[PDB]
Structures are given as C-alpha cells and as structure tokens.
Amino acid sequence: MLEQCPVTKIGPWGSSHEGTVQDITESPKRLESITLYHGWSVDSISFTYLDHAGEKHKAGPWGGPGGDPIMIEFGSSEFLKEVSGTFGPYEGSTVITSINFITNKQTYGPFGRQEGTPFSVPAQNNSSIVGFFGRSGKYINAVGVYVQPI
Amino acid sequence: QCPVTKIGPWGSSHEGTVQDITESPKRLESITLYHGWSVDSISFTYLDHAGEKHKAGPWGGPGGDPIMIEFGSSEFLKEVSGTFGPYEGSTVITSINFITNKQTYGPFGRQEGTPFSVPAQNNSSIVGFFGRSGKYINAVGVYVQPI
C-alpha cells in the first residue's frame, strides 16, 4: 500500500561536523532490526532494512568496537516512532551519549549515559522511521533518519 | 495518496491546546510571526493537495515585532530550527529560524533553552506546521513533503 511512497530524509542531530559520513545507497521502506553496542557509552549502531525494490541490506556497524550488543527485532506490526537521546562532549569531540528507540509496541533504552543536550525525533500519525544516516568514529557523532508513511 | 511526513513537536508536551491543519499540505506560500520575549504567534498559508489555499493561525498570543515571509515561486523551506525554554512559568518556543533554498530568515526571538531542528534533506520541503499554543506557542512540529 504505502510501501511505494517516497521516503523523507531528515537530520542529523548531534555534532555539527565531526566524524566519518555514513549513509545507505538504497531507499529504505521497512526497518527490520537494529543492533546497538552500548554500556556507559553508545558505541555503535547497525540496522537491517528492506529497500523499495524489496532487497534486504545490513548497514553498519557505524561506531567503534566497545560495548555489549542489544538486537531489536521489529515485530510484524511493529514500527519505529521516535529516536531520542542526548549528546555532549567526550575527549574533545561531540558524541551521542544516550539513545532510546520508541516503537508502537515498546521502548528500548535508554542506552548509554543521559548527559548533555537532549534530542528527539518523533514521527507522528502516518510516519515511521525506516533507516538512519550520520557520522561516526569511535562513537556516534551525529545521527539522522529516513521516514516513510505507514 | 501518500501522507505527508509529520515530525515533532518540540517543546511542552502538555501546555496550550493542540493546533494543527485539516488538509494535506503541498506547498508553503507564506508565514507571519511575531517575536519578542519568545515567538509570540505564528500563522502560515499553504496550498493543499486539492489545490485549495488555507491560512492557519494565528497560534499564540499578542505582542512582539512582526515578520512576514513570502516564498518565491521556486523557493522552499529546507530547515526549521529554534529553541524552547521557560518564560514566566510556561515552556514556550523562545526562538525560531528558517532556512530556504535561497536564504535564511532569523533567528527570531531569544535563543535560550533547548535547541531543536528539522533539517529536511534530498530536496524535500517543509510545507506546514502543527503544535500546541495558548497564550504562548508552547510546542511546534512540521510537515515534510519529499520530492
């Protein structure tokens, strides 16, 4: 139905310009899973999506090698409604310090440490977050979203 | 057809009453706002997907210096950003800023508090607003239309 609609790219949030640019080269239509490595920090993000041609891809990891993973598997009627968190300085760079994933079914997080400036990306009504882009190094410097009608 | 993406709002989750538009927005024609201690009020005119034009607002209250923005025929709004914070017991939108594909308007208001931003990429366009308001503008979000 709405899976054919074009996606909207919005963001990123966090560091204005630090880190290696990370993005995807197909248009995401469905978010299948996220793997986030975390502890006291938000270490890396990965995610699997279906594109608008129905092909599956895994992006990431974007970030460094620390932390322990959580894998969030989207249920068949589960969609991502909001990403939120905090960002702030660490060792001379601005990093995402905490992150939180709010679906229509559950909240996963917060992961990392709730310190610095808050950010939030809420998709309303007929909108869901289907993929990410951003900048990273040892941690995640900035993150943005792709948003699709559902 | 395809619903327009709706993102936000940022600011108070509970103050004011909900403000929103009733049609699917396709093109943003103009914005009027007033600014002083905060973004006191906002209105905007948009074209919907049936070709009707609508003026939304004013959302907010009296006071402040007026600003009127009329978009060029091939000008579109790429980013809205601002701040929210406390004013006389309320959480309000303290400042707002607009970046089009041709120029920047703002910032308007007092850049105090928590920042927010909607940088619309890939030639998408911010085509309308929603939020919460009463005496002040307590929260704001946007509608984004992809190319």
# chains A, B, ... in the order shown; residues from 1 in each chain; ligands from 1
call {"tool": "select_by_dssp", "arguments": {"residues": "chain A", "states": "strand (DSSP E or B)", "output": "PyMOL selection string"}}
result
chain A and resi 8-14+20-22+28-38+42-51+56-63+68-73+80-90+93-103+107-112+117-123+128-136+140-148
call {"tool": "write_last_selection", "arguments": {"atoms": "C-alpha atoms", "output": "short mmCIF file (atom, residue, chain, number, x, y, z; two decimals), in the first residue's frame"}}
result
data_model
loop_
_atom_site.label_atom_id
_atom_site.label_comp_id
_atom_site.auth_asym_id
_atom_site.auth_seq_id
_atom_site.Cartn_x
_atom_site.Cartn_y
_atom_site.Cartn_z
CA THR A 8 11.86 11.65 3.67
CA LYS A 9 15.46 12.23 4.86
CA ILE A 10 15.73 14.44 7.97
CA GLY A 11 18.68 15.35 10.18
CA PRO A 12 21.21 14.77 11.51
CA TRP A 13 21.36 15.68 15.19
CA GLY A 14 24.48 15.86 17.33
CA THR A 20 33.14 9.86 9.08
CA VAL A 21 29.98 10.23 6.97
CA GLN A 22 27.81 7.09 6.98
CA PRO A 28 14.60 2.07 2.92
CA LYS A 29 10.96 1.03 3.09
CA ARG A 30 10.88 -1.18 6.21
CA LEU A 31 13.17 -1.34 9.26
CA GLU A 32 13.70 -4.99 10.22
CA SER A 33 16.22 -4.78 13.10
CA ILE A 34 18.73 -2.60 14.92
CA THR A 35 21.86 -3.82 16.75
CA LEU A 36 23.26 -1.27 19.18
CA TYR A 37 26.50 -1.80 21.12
CA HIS A 38 26.40 0.10 24.40
CA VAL A 42 26.75 4.38 22.81
CA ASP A 43 29.41 2.51 20.89
CA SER A 44 27.95 1.57 17.50
CA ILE A 45 24.75 1.17 15.52
CA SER A 46 23.80 -1.29 12.79
CA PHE A 47 20.44 -1.90 11.17
CA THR A 48 18.79 -4.14 8.59
CA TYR A 49 16.19 -2.77 6.20
CA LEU A 50 14.20 -3.73 3.12
CA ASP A 51 14.54 -1.26 0.28
CA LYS A 56 17.38 -6.61 2.14
CA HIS A 57 20.52 -4.88 3.39
CA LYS A 58 22.51 -4.59 6.62
CA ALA A 59 24.16 -1.22 7.31
CA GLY A 60 26.93 -0.86 9.88
CA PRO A 61 28.41 -1.12 12.33
CA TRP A 62 28.81 2.69 12.48
CA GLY A 63 30.94 3.47 15.53
CA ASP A 68 27.70 -5.06 24.56
CA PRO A 69 25.01 -5.61 21.94
CA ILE A 70 21.29 -5.49 22.07
CA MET A 71 19.46 -6.67 18.97
CA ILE A 72 16.00 -5.17 18.50
CA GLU A 73 13.92 -7.24 16.08
CA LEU A 80 9.79 2.84 14.98
CA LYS A 81 8.01 6.00 16.09
CA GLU A 82 10.78 8.01 17.73
CA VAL A 83 14.51 8.09 18.32
CA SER A 84 15.68 10.28 21.15
CA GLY A 85 18.68 10.70 23.36
CA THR A 86 21.45 13.03 24.48
CA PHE A 87 24.69 14.33 23.04
CA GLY A 88 27.66 16.10 24.53
CA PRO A 89 31.42 16.42 24.66
CA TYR A 90 33.72 13.47 25.16
CA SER A 93 34.56 15.52 20.20
CA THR A 94 30.77 15.77 20.45
CA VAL A 95 29.15 12.29 20.66
CA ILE A 96 25.74 10.74 21.14
CA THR A 97 25.87 9.89 24.84
CA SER A 98 22.47 8.15 25.10
CA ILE A 99 19.89 6.82 22.69
CA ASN A 100 16.35 5.48 23.03
CA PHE A 101 14.09 3.74 20.47
CA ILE A 102 10.31 4.09 20.92
CA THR A 103 8.14 1.81 18.82
CA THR A 107 10.53 1.38 24.38
CA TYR A 108 14.09 0.12 24.11
CA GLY A 109 16.53 2.16 26.15
CA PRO A 110 17.87 4.40 27.36
CA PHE A 111 21.27 3.12 26.32
CA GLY A 112 24.50 4.89 27.34
CA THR A 117 21.88 18.14 25.37
CA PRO A 118 18.68 16.16 24.70
CA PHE A 119 17.43 15.50 21.20
CA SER A 120 14.23 13.87 19.91
CA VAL A 121 12.92 12.82 16.50
CA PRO A 122 9.20 11.95 16.85
CA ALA A 123 7.35 10.70 13.78
CA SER A 128 7.71 5.72 10.85
CA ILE A 129 11.50 5.73 10.97
CA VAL A 130 12.85 3.16 8.49
CA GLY A 131 16.59 3.87 8.44
CA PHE A 132 19.49 6.04 9.56
CA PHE A 133 22.49 8.05 8.39
CA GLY A 134 25.06 10.00 10.34
CA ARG A 135 28.71 10.43 11.23
CA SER A 136 30.83 8.23 13.43
CA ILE A 140 28.48 8.06 17.00
CA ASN A 141 28.97 11.78 16.40
CA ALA A 142 25.64 12.55 14.70
CA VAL A 143 22.57 10.59 13.59
CA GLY A 144 19.73 11.30 11.17
CA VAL A 145 16.67 9.41 9.98
CA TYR A 146 14.73 8.25 6.99
CA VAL A 147 10.98 8.44 7.48
CA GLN A 148 8.32 6.53 5.49
#
call {"tool": "residues_around", "arguments": {"residues": "residue 106 (chain B)", "least_positions_apart": "6", "cutoff": "8 Å", "atoms": "only C-alpha atoms", "output": "VMD selection string"}}
result
chain B and resid 96 to 98
call {"tool": "atom_distance", "arguments": {"atom1": "CA of residue 55 (chain B)", "atom2": "CA of residue 43 (chain B)"}}
result
7.0 Å
call {"tool": "interface_residues", "arguments": {"of": "chain B", "to": "chain A", "cutoff": "9 Å", "atoms": "only C-alpha atoms", "output": "PyMOL selection string"}}
result
chain B and resi 1-10+114-122+124+144-147
call {"tool": "write_last_selection", "arguments": {"atoms": "N, CA and C atoms", "output": "PDB file, in the first residue's frame"}}
result
ATOM      1  N   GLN B   1      -3.652   9.829  -1.096  1.00  0.00           N
ATOM      2  CA  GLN B   1      -2.417   9.346  -1.717  1.00  0.00           C
ATOM      3  C   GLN B   1      -1.378   9.038  -0.648  1.00  0.00           C
ATOM      4  N   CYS B   2      -0.145   9.537  -0.827  1.00  0.00           N
ATOM      5  CA  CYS B   2       0.901   9.323   0.178  1.00  0.00           C
ATOM      6  C   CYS B   2       0.776  10.396   1.241  1.00  0.00           C
ATOM      7  N   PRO B   3       0.599  10.037   2.508  1.00  0.00           N
ATOM      8  CA  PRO B   3       0.528  11.061   3.563  1.00  0.00           C
ATOM      9  C   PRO B   3       1.837  11.826   3.648  1.00  0.00           C
ATOM     10  N   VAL B   4       1.733  13.086   4.011  1.00  0.00           N
ATOM     11  CA  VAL B   4       2.906  13.921   4.212  1.00  0.00           C
ATOM     12  C   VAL B   4       3.533  13.573   5.554  1.00  0.00           C
ATOM     13  N   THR B   5       4.854  13.486   5.607  1.00  0.00           N
ATOM     14  CA  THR B   5       5.524  13.138   6.852  1.00  0.00           C
ATOM     15  C   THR B   5       5.278  14.223   7.904  1.00  0.00           C
ATOM     16  N   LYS B   6       5.043  13.816   9.135  1.00  0.00           N
ATOM     17  CA  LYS B   6       4.798  14.770  10.205  1.00  0.00           C
ATOM     18  C   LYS B   6       5.804  14.462  11.312  1.00  0.00           C
ATOM     19  N   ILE B   7       6.586  15.463  11.706  1.00  0.00           N
ATOM     20  CA  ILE B   7       7.691  15.247  12.625  1.00  0.00           C
ATOM     21  C   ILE B   7       7.635  16.286  13.740  1.00  0.00           C
ATOM     22  N   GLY B   8       7.892  15.845  14.982  1.00  0.00           N
ATOM     23  CA  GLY B   8       7.794  16.729  16.133  1.00  0.00           C
ATOM     24  C   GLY B   8       6.601  16.311  16.969  1.00  0.00           C
ATOM     25  N   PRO B   9       6.108  17.202  17.822  1.00  0.00           N
ATOM     26  CA  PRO B   9       6.604  18.565  18.042  1.00  0.00           C
ATOM     27  C   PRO B   9       7.733  18.559  19.068  1.00  0.00           C
ATOM     28  N   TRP B  10       8.318  19.729  19.236  1.00  0.00           N
ATOM     29  CA  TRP B  10       9.329  20.028  20.244  1.00  0.00           C
ATOM     30  C   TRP B  10       8.782  21.130  21.132  1.00  0.00           C
ATOM     31  N   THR B 114      16.624  24.821  25.175  1.00  0.00           N
ATOM     32  CA  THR B 114      16.951  23.597  24.444  1.00  0.00           C
ATOM     33  C   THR B 114      16.774  23.802  22.947  1.00  0.00           C
ATOM     34  N   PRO B 115      17.764  23.476  22.130  1.00  0.00           N
ATOM     35  CA  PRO B 115      17.606  23.635  20.680  1.00  0.00           C
ATOM     36  C   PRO B 115      16.821  22.483  20.101  1.00  0.00           C
ATOM     37  N   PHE B 116      16.189  22.770  18.979  1.00  0.00           N
ATOM     38  CA  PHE B 116      15.573  21.753  18.133  1.00  0.00           C
ATOM     39  C   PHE B 116      15.771  22.160  16.674  1.00  0.00           C
ATOM     40  N   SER B 117      15.645  21.172  15.786  1.00  0.00           N
ATOM     41  CA  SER B 117      15.909  21.437  14.382  1.00  0.00           C
ATOM     42  C   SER B 117      15.301  20.332  13.517  1.00  0.00           C
ATOM     43  N   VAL B 118      14.890  20.733  12.323  1.00  0.00           N
ATOM     44  CA  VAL B 118      14.369  19.786  11.335  1.00  0.00           C
ATOM     45  C   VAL B 118      15.088  20.087  10.036  1.00  0.00           C
ATOM     46  N   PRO B 119      16.264  19.526   9.812  1.00  0.00           N
ATOM     47  CA  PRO B 119      16.941  19.737   8.528  1.00  0.00           C
ATOM     48  C   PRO B 119      16.427  18.751   7.487  1.00  0.00           C
ATOM     49  N   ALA B 120      15.569  19.235   6.596  1.00  0.00           N
ATOM     50  CA  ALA B 120      14.976  18.381   5.569  1.00  0.00           C
ATOM     51  C   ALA B 120      15.945  18.261   4.400  1.00  0.00           C
ATOM     52  N   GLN B 121      16.284  17.025   4.025  1.00  0.00           N
ATOM     53  CA  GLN B 121      17.311  16.750   3.016  1.00  0.00           C
ATOM     54  C   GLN B 121      16.694  16.233   1.719  1.00  0.00           C
ATOM     55  N   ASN B 122      17.555  15.997   0.732  1.00  0.00           N
ATOM     56  CA  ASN B 122      17.145  15.381  -0.552  1.00  0.00           C
ATOM     57  C   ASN B 122      16.025  16.167  -1.239  1.00  0.00           C
ATOM     58  N   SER B 124      13.541  17.635  -0.146  1.00  0.00           N
ATOM     59  CA  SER B 124      12.224  17.674   0.453  1.00  0.00           C
ATOM     60  C   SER B 124      11.975  19.079   0.989  1.00  0.00           C
ATOM     61  N   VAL B 144       6.606  17.550   6.334  1.00  0.00           N
ATOM     62  CA  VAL B 144       7.693  17.486   5.359  1.00  0.00           C
ATOM     63  C   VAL B 144       7.243  16.670   4.158  1.00  0.00           C
ATOM     64  N   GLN B 145       7.383  17.256   2.958  1.00  0.00           N
ATOM     65  CA  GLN B 145       6.974  16.614   1.705  1.00  0.00           C
ATOM     66  C   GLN B 145       8.209  16.260   0.889  1.00  0.00           C
ATOM     67  N   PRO B 146       8.443  14.976   0.609  1.00  0.00           N
ATOM     68  CA  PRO B 146       9.613  14.597  -0.193  1.00  0.00           C
ATOM     69  C   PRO B 146       9.355  14.945  -1.649  1.00  0.00           C
ATOM     70  N   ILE B 147      10.441  15.067  -2.411  1.00  0.00           N
ATOM     71  CA  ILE B 147      10.386  15.303  -3.854  1.00  0.00           C
ATOM     72  C   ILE B 147       9.857  14.047  -4.518  1.00  0.00           C
TER      73      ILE B 147
END
